[PDB]
Amino acid sequence: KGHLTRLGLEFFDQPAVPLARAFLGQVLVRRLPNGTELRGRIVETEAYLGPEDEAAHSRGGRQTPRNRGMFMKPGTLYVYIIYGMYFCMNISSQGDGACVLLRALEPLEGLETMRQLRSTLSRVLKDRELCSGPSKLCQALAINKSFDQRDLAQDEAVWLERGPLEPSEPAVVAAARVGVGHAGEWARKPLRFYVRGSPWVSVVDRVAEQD
DNA sequence: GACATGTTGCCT
DNA sequence: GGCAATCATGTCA
Ligand code: NA
């Protein structure tokens, strides 16, 4: 572990699909103002191909003030507000307009602070409820629009770390993305990836699992 | 401007 | 499953 050991920019410079899959198993680290560090192992991701992808904010190569991050160098964060109250953390991948979306993390360190963050934002929250969602994880790790357009490879507040080796590569399920019905043909492209059997994924795809 | 629309969690 | 919530943001003009 350690900031010094964060994945560099040669890691993020890959096409959306390979990048999205390569993210699985890595560890997202967040350093809080009090110095505490929050860690979550990435278990769910989504690829957004860009220009072509009709689900991507960059369909038609349309670059707007909001999505600049997607057109910035790989590793560039793109955090946007959805439903006027939630955040979505994306990492720009190779290809102007392409990026990866984080949908779920396996809480590894700072669970209480995450619980605190998620609860304040009754009924007590269980760990399964901390980062099991694109917007849940953003609240749990105190990620917001202020992180938009920063560099995941060079930032003192957030970085990615190599996950542990693992004596059997994790089985990955490729499924349709969540909440992209408005994308016609692209709505069903298997551009969503997660760790098979993981109890931290936000949405399972029984069908996709038996494919 | 005027108008349309993109996750979480309560509801029965 | 159905749906309210809450509003930033993009398009049209
Ligand atoms: Na990109």
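Just so it is clear: chains get the letters A, B, ... in the order the sequence lines come, proteins before strands, and each one is counted from 1. FYI, side chains are in, hydrogens and waters are out, and symmetry mates aren't considered; it's all heavy atoms of this structure.
- Considering only the side chain of A:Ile82, B:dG6 comes nearest among C:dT11, B:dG6, C:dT6.
- Distances were taken from every side-chain heavy atom of A:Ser135 (C-beta onward) to each of C:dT11, B:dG6, B:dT8; the shortest belongs to B:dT8.
- Residue contacts for A:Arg59: at a heavy-atom cut-off of 4.0 Å it reaches no nucleic acid atom on any strand shown.
- Remark: A:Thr64 is in phosphate contact with C:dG10, judged by side-chain N or O atoms under 4.0 Å from OP1 or OP2.
- Checking A:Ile91, A:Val100, A:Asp13, A:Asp151 one by one against A:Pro74, the side-chain contact (heavy atoms from CB on, under 4.5 Å) holds for a single residue, A:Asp13.
- Listed nucleotides C:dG10, C:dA8, C:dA5 differ in distance to A:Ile81; the shortest reach to its side chain belongs to C:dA8.
- Residues A:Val195 and A:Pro170 approach most closely at CG1-CB, 4.3 Å, considering heavy atoms.
- No hydrogens or angles considered: nothing links the side chains of A:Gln26 and A:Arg41 as a donor-acceptor pair under 3.5 Å.
- Rounded to whole Å, atom P of B:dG6 lies 9 Å from atom NE2 of A:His57.
- Taking atom CG of A:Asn90 as the reference point, atom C1' of C:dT9 lies 15 Å away to the nearest angstrom.
- We find that CG of A:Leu121 is positioned 15 Å from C1' of C:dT6, with the value rounded to whole Å.
- In this structure, of B:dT8, C:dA5, B:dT7, it is B:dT7 that holds the atom nearest to the side chain of A:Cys88.
- Between the side chains of A:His57 and A:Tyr78, at least one donor-acceptor pair of N or O atoms lies under 3.5 Å.
- The interatomic distance linking A:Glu129 (CD) with B:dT7 (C1') rounds to 15 Å, in whole Å.
- Comparing C:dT9, C:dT6, B:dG6 by their nearest atom to the side chain of A:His182 picks out B:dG6.
- Atom-to-atom, CG of A:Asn144 to P of C:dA8 comes out at 15 Å; the value is rounded to the nearest Å.
- Straight-line distance from the OH atom of A:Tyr86 to the P atom of C:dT9: 17 Å, rounded to whole Å.
- Nucleotides C:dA4 and B:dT5, compared at atom P, are 16 Å apart to the nearest Å.
- A salt bridge links A:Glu46 with A:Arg103: at least one charged nitrogen is closer than 4.0 Å to a carboxylate oxygen.
- In this structure, A:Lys145 reaches the C:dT9 phosphate: one of its side-chain N or O atoms is under 4.0 Å from OP1 or OP2.
- Atom OH in A:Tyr83 sits roughly 15 Å away from atom P in C:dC7 (whole-Å rounding).
- Between B:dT8, B:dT7, C:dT9, one nucleotide has an atom nearer to the side chain of A:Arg118 than all others, and that is B:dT8.
- Of the candidate nucleotides C:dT11, B:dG6, B:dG9, C:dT11 has the atom nearest to the side chain of A:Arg62.
- Between the CG atom of A:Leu102 and the P atom of B:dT7 there is a distance of 13 Å, given to the nearest Å.
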